[PDB]
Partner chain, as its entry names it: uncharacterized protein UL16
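One chain is shown next in structure tokens, namely the form deposited without its partner chain.
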């Protein structure tokens, strides 16, 4: 429905015509922050005891080594992007990892210069996408030429980049840093619009995380034709969790035949119509 992802936000800058040392960086897992680089103490640190109490130094050592390498390359591309130039200059790289359900993966790398995109790389196919802008094409052409020669891009060491956060993504999911935020949905079935030989039944799942959920009514066991029911967007219900519902109209007296089948986070549950 929505896959697992590992995102990093890297940034280098220069405030007076001199690229500042180090860099800035953020790591988010499935939408949530877990890493934050300390430019001064030169360490990758957790963004909470949550990440602090689950991840060990082995992880922070690795992320610190990796990100630092990242920072050198970025600072080097920036030096090049200006020729001397002066004043403010900024270069950010958003890199993302994705694992879907079919186990197919995705991976991208986006580069912004002074607040504007100018290059995107699909790490799974290695094709790049430059915005159809003049200034953005000049940039892309320079930065890419510069990468192939005196090569701090190097081959498909990019294909390794993809396998790298992917391995980390899998590792972090395994460590559980993301599963602790799991909240099984509160189920609640309601009978409404009681009327002319009819009565509506509504299955409401609320206060649950993550967002991926499946809900459907069943007549004696079979899923109702996708139409004969009405679903609601998966709206943010409350305080970080989500909510949604499905409904369908039935004939008064045959409540026993209907059940609401739900699936959330690998957990399948069955809910009957109220008495």
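Positions refer to the first chain, counted from 1.
Beyond the structure shown, there is the form solved in complex with its partner chain, which is absent from this document and is the topic of what follows.
Colleague: Heavy atoms within 4.5 Å of its partner chain in the entry with it bound: does residue 88 have any?
Modeller: The answer is no: residue 88 has no heavy atom within 4.5 Å of its partner chain.
Colleague: Determine whether any heavy atom of residue 66 comes within 4.5 Å of a heavy atom of its partner chain in the entry with it bound, and answer yes or no.
Modeller: Although its partner chain is absent here, residue 66 would touch it in the entry with it bound, with heavy atoms inside 4.5 Å.
Colleague: Going by a heavy atom distance of 4.5 Å, is residue 128 a contact of its partner chain in the entry with it bound?
Modeller: It does not: once its partner chain is placed as it appears in the entry with it bound, residue 128 has no heavy atom within 4.5 Å of it.
Colleague: According to a 4.5 angstroms non-hydrogen atom cut-off, is residue 148 in contact with its partner chain in the entry with it bound?
Modeller: No, residue 148 sits far enough from its partner chain in the entry with it bound that none of its heavy atoms falls within 4.5 Å.
Colleague: Which of these stretches, 157-165, 88-96, 133-141, 109-117, has heavy atoms within 4.5 Å of its partner chain in the entry with it bound?
Modeller: Answer to the contact question: 157-165.
Colleague: Using heavy atoms and a 4.5 Å cut-off, decide whether 76, 100 and 170 all contact its partner chain in the entry with it bound.
Modeller: Result yes, every residue of the spot touches its partner chain.
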